There are 2 protein chains.
Amino acid sequence: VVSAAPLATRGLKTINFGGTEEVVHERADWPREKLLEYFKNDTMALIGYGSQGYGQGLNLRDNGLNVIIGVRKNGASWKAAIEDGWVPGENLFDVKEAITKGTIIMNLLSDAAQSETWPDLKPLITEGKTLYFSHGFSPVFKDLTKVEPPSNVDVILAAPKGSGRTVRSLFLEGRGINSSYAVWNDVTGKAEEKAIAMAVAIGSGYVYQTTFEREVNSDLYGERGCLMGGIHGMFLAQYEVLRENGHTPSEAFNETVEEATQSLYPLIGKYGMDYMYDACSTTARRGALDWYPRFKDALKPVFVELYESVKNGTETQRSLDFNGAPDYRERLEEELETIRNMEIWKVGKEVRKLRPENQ
Amino acid sequence: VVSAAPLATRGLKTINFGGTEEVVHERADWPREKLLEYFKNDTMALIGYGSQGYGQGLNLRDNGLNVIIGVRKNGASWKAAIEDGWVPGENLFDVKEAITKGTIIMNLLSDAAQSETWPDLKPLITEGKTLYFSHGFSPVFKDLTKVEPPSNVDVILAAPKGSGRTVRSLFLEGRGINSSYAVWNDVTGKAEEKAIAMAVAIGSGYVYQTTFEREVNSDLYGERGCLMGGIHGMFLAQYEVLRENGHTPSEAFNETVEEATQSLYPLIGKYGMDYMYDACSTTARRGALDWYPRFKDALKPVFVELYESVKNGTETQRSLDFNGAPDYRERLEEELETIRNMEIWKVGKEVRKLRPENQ
Ligand SMILES: NC(=O)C1=CN([C@@H]2O[C@H](COP(=O)(O)OP(=O)(O)OC[C@H]3O[C@@H](n4cnc5c(N)ncnc54)[C@H](OP(=O)(O)O)[C@@H]3O)[C@@H](O)[C@H]2O)C=CC1
Ligand SMILES: NC(=O)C1=CN([C@@H]2O[C@H](COP(=O)(O)OP(=O)(O)OC[C@H]3O[C@@H](n4cnc5c(N)ncnc54)[C@H](OP(=O)(O)O)[C@@H]3O)[C@@H](O)[C@H]2O)C=CC1
Ligand SMILES: [Mg+2]
Ligand SMILES: [Mg+2]
Ligand SMILES: [Mg+2]
Ligand SMILES: [Mg+2]
């Protein structure tokens, strides 16, 4: 087996992250007036209107860039875009018409739909246009997705590390979700610059460098891990043991979910894990130092196995097969309903309702 | 084996938490004018000045209640109290002098020190005084702690389910950390009223009923689990596998910690797990739905181990031994230092410095 060329500083500004210098761009490198000048002849055609099309699109619109939306006419996204103020015929079109109008084509359809639609959209990404992704899913797993970007266009990526809903809300607050950028194909000598400028234009906080392959392996891993799948499994397991030993729902929920999200996890994020430890009792410190190695070892096998499911392509197959179905929306909502109806989340609805700021 | 008596509704106001009625009190039940009248002849002597002494004491002081601090003279607590505006000889004294002046003795020493000082403090908690804890640790594990509260005083508990730093900061926003309340001994018929009034007076959000035994068991189990020990272990294991497969630190940290605390975990806390899932991509939802039952299954044995270590007394014994040492501050700090110097947390420093709100 073969190794991989490292990410290259190229003499650019860098930050030392715990022993590795990484390429990093910050908002002051791309102020609003500069972005407007840089893109003054461009049209961002944003294809798709999931939460990334929402957060990236509305941030581009607010920053004054010439952005339009392309989605299946009279589908769900179409109406969702209308209710965010995109006007059919002005800056909301069907997919083919948006691509004809745009110079930068932001493929923000579902990863499954990126594969399904690609035979039809590829002839429209002509010379002089730029093809943009927010995930390496489609072009990297070509054996399963059949997505081959044309060799005569720049192919760039900007990947916000957060929910599209928080890409929007943080930007409104003066904050911002971090983004990866990557170049998959550079034909002009400007793909990188466009990827970094795009990354700032969509409201990112800081931008750091990756590759399409690194990004898709990280992303697929994390969302299945602690970002979404792990944290939920953790909550479910801890809550169940408490309920089986007699603890009332309110007690078990406050000791599992509420204390975490309303107190301790925000301290981790504001000041780091040691600060959060030091903000709790000597008892909880002794207890937490005792048991985090036991939790690390219980989960490490699960994590190296999940990374394998990502690398070999199983998780990609799963998503292509489930989300590639026309009724994917209806059956995903079925499984979300199962989450909704678990005791722990029925209890959560009541706990949240009692918060002083919801009264 | 022996069973236990359930919690008693007693025909009080109740809230249904997923099929269980629970005694819940709200701030509206104790308006500020009521509180200040109810406690007008009392003195809260608050013993200790960790996070809870800081959070509860300053909330009582700002609320207008007659609170004083009692801590070892010229130690760390004493220094911090003086910085927080407590005045020696006015509302800041040593432990014995404070107890002598108080009518409600809030024992907020470390759970190891509660056991160490208890033979000297017990004779000072005389008839007409009230003993108060924020943790069932001492009286419930009497065979290990040797804490036996006097039979002629009320003994009560209000346990804020969050760090004392958050008890303080939420109070200053008109929010609040929720509290358990419980009664160990009631010789007046007024112990419950007092525990609930204290829970509200120290700044709690809503107050639900528990017992001393139920509180300490769920509490010790919670902090060792996903509250502090469990979330740390998950972070370390997920981050290590990523670093073991070549991902840069900024990528591995963002895909593990930053996106979690800055984006997705706040969504869980504000609207529940299903809302968070629906705010993410169709690929993320497919993966999270495929893996949360796997993480639950891999973790639940660790949690049945944890609850048994809490139940039988190993955890309490562990904390009594380690924290009861005189140099507990520097011994605990040393272990906190290993955390600070972990690659993941050194990286997090630079990640946090790059946030736009921190410029
Ligand atoms: N968020 C939290 O902190 C929570 C804690 N609780 C409970 O609240 C109580 C207080 O916890 P917390 O505020 O964290 O306190 P800590 O665990 O941080 O204990 C620190 C306090 O203990 C004193 N102390 C320690 N050893 C001794 C000793 N040998 N003799 C005399 N005093 C001593 C310290 O004085 P010095 O500076 O001189 O060492 C200081 O006032 C505990 O029952 C805890 O379980 C409840 C909910 C959560
Ligand atoms: N927070 C996030 O969502 C993040 C996601 N990304 C990446 O951004 C991209 C978009 O994700 P996200 O915004 O969540 O979108 P979703 O995964 O929710 O996809 C929804 C969009 O796909 C369209 N679509 C679905 N099926 C089809 C189909 N058969 N034909 C045409 N259009 C279809 C929908 O239109 P319709 O209503 O008509 O079905 C809608 O516009 C992905 O590459 C994702 O991995 C990047 C960072 C994080
Ligand atoms: Mg991600
Ligand atoms: Mg607690
Ligand atoms: Mg505790
Ligand atoms: Mg993804």
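The rules we used
- Positions along each chain are numbered from 1 by the written sequence. They may not match the entry numbering, and residues without coordinates are not shown.
- The lettering of chains begins at A and the numbering of ligands begins at 1, in the order of writing.
- Heavy atoms throughout the structure, all of them, feed into the side-chain values; hydrogens and water do not.
- Neighbouring residues are identified by heavy atoms, a residue being near a molecule or strand if any of them is within 4 Å of it.
- Distance and chemistry together define a polar contact, namely a pair of N or O atoms within 3.5 Å, with one atom able to donate a hydrogen and the other to accept it when in protein, and with adjacent residues in sequence counting only for side-chain atoms on both sides.
- All accessible areas in this document rest on Shrake-Rupley with a 1.4 Å probe, and a residue is counted as covered only by the protein chains that are shown.
- By definition, any uninterrupted DSSP run of H or I lasting at least four residues is a helix, any uninterrupted run of E lasting at least two residues is a strand, and each is numbered from the N terminus.
- Here the nonpolar group is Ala, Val, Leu, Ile, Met, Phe, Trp, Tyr, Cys and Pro; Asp, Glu, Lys and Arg are the charged ones; every other residue, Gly included, is treated as polar.
- Between rings of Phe, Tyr and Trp, where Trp is taken as its six-membered ring, a pair exists when centres lie within 6.5 Å; planes separated by under 30 degrees are stacked, by over 60 edge-to-face, and by other angles tilted.
- Only protein chains enter the area calculation, which uses a 1.4 Å probe; residues under 20% of their type maximum are buried, those over 50% are exposed, and those in between are partly exposed.
- We call a charge positioned over a ring when the NZ of a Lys or the CZ of an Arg lies within 6 Å of the ring centre and within 35 degrees of the ring normal.
- It only takes one pair of heavy atoms within 4.5 Å for two residues to be counted as in contact.
- Between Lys or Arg on one side and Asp or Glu on the other, a salt bridge is scored when a side-chain nitrogen of the former is within 4 Å of a carboxyl oxygen of the latter.
- Here the copies share a common frame obtained from a least-squares superposition of their C-alpha atoms.
- What gets called buried area is simply the loss in accessible area from a 1.4 Å probe that two parts show on being joined, summed for both.

Method information in the entry identifies X-ray crystallography as the source of the structure, with 2.43 Å recorded as the resolution.

Novice: Explain the site of ligand 2 to me, please; I cannot follow it from the model alone.
Specialist: Near ligand 2 lie 30 residues; those nearest to it are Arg72, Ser77, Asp111 and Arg329 of chain A together with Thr282 of chain B. In the model, a nitrogen atom of ligand 2 is placed 3.3 Å from a nitrogen or oxygen of the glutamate 116 of chain A side chain. The contact in question runs from an oxygen atom of ligand 2 to an N or O atom on the side chain of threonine 282 of chain B, over 2.7 Å. For ligand 2, the accessible surface in isolation is 900 Å², of which the surrounding protein chains cover 94%. Broken down by secondary-structure element, the contributors of at least two residues to the shell around ligand 2 are α2 (51-62), α3 (76-83), α5 (111-121) and α16 (328-340) of chain A together with α14 (282-312) of chain B. Top element by residues in the shell around ligand 2 is α5 of chain A. It accounts for 5 residues. Each residue belonging to the shell around ligand 2 can be placed in one class, and the counts come to 9 nonpolar, 16 polar and 5 charged.

Novice: Looking at this structure, I do not really get the packing of aromatic side chains. What am I missing?
Specialist: Ring pairs (aromatic) are described by centroid distance and by the angle formed between their planes. A full pass over the atoms with the stated rule returns 29 aromatic pairs over all chains. Taking the centre distance of 4.5 Å and the plane angle of 45° together, the rings of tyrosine 271 of chain A and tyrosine 275 of chain A count as tilted. We classify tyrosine 271 of chain A as partly exposed; its relative accessible area is 38%. A relative accessible area of 32% means that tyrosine 275 of chain A is categorised as partly exposed. Geometrically, the ring pair formed by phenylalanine 253 of chain B and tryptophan 345 of chain B is edge-to-face, given 6.3 Å between the ring centres and 80° between the ring planes. With a gap of 92 residues between them, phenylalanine 253 of chain B in helix α12 (residues 249-271) and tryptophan 345 of chain B in helix α17 (residues 343-353) connect regions that are remote in the sequence. Classification of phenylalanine 253 of chain B by relative accessible area gives buried; the value is 1%. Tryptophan 345 of chain B sits in the buried class, given a relative accessible area of 4%. These aromatic residues form a ring-pair network of at least three members: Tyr221, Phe303 and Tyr307 of chain A together with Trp291 and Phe295 of chain B. Here the basic side chain of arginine 61 of chain A rests over the ring of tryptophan 86 of chain A, its NZ or CZ set 4.7 Å away from the ring centre.

Novice: Looking at this structure, I do not really get the side chain of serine 134 of chain B. What am I missing?
Specialist: Residue and element names in this part refer to chain B. Position of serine 134 relative to the elements: it lies in the loop between β7 (130-133) and α6 (137-140). At 3.4 Å, the side chain of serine 134 forms a polar contact with the side chain of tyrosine 132. Beyond its immediate chain neighbours, meaning those up to four positions away, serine 134 contacts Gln56, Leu108, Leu157, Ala158, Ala159, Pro160 and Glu215.

Novice: Honestly, the site of ligand 1 in this entry has me stumped. Any pointers?
Specialist: Close to ligand 1 lie 30 residues; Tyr49, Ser77, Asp111, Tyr328 and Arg329 of chain B are nearest. In this structure, ligand 1 sits where chains A and B come together, each supplying nearby residues. Contacts to ligand 1 include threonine 282 of chain A, whose side-chain N or O atom sits 2.8 Å from an oxygen atom. Here an oxygen atom of ligand 1 and a side-chain polar atom of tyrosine 328 of chain B are 2.8 Å apart. Look at ligand 1: alone it shows 900 Å² of surface, and the protein chains cover 93% of it. When contributions to the shell around ligand 1 are tallied by element, the ones reaching two or more residues are α14 (282-312) of chain A together with α2 (51-63), α3 (76-83), α5 (111-121) and α16 (328-340) of chain B. Classifying every residue of the shell around ligand 1 gives 9 nonpolar, 16 polar and 5 charged.

Novice: Looking at this model, I keep getting lost on the pattern of salt bridges. Mind explaining?
Specialist: Once the charged atoms of two side chains with opposite charge are near each other, the side chains can pair. Counting across every chain of the model gives 60 salt bridges over all chains. The partner of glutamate 240 of chain A in a salt bridge is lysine 296 of chain B, with the nearest N and O atoms 2.9 Å apart. Placement of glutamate 240 of chain A in helix α11 (residues 229-244) and of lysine 296 of chain B in helix α14 is noted, with the two residues assigned to different chains. The partly exposed category is assigned to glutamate 240 of chain A, whose relative accessible area is 27%. Ionic pairing is found between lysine 353 of chain B and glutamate 350 of chain B, a salt bridge with its closest N-O pair at 3.9 Å. Taken together, the residues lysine 353 of chain B and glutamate 350 of chain B, both in helix α17 and 3 residues apart, mark about one turn of the helix. Put simply, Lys161, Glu215 and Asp219 of chain A together with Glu255 of chain B are held in one network by salt bridges that share partners.

Novice: In this structure, what is going on with the relation of the copies chain B and chain A? I would like to understand it.
Specialist: The second copy of the chain is related to the first by a rotation about an axis and a shift along the axis. For these two chains of identical sequence, chain B goes onto chain A by a turn of 180° and a shift of 0.0 Å along the axis, with RMSD 0.3 Å. Here the two chains are linked by the operation of a two-fold rotation axis. An overlap of 99% is found between the interface residues of chain B and their copies at the interface of chain A, pointing to a shared contact surface.

Novice: Looking at this structure, I do not really get the interface of chain B and chain A. What am I missing?
Specialist: Interfaces are often sized by the amount of accessible area the parts lose when they come together. Taken together, the contacts link 140 residues of chain B with 141 residues of chain A. A combined buried area of about 12700 Å² lies between chain B and chain A, and 62% of that area is made up of carbon and sulfur atoms. Three residues, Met228, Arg286 and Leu354 of chain B, lead the burial of chain B against chain A; their summed loss comes to 6% of the area buried on that side. Seen at the junction of chain B and chain A, the total is 18 salt bridges. The partner of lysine 300 of chain B in a salt bridge is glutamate 244 of chain A, and the shortest N-O contact between them spans 2.8 Å. Inspection of the chain B/chain A interface yields 67 residue pairs in polar contact. Per element, the largest residue contribution to the side of chain B that touches chain A is 24 residues, and it comes from α14 of chain B.

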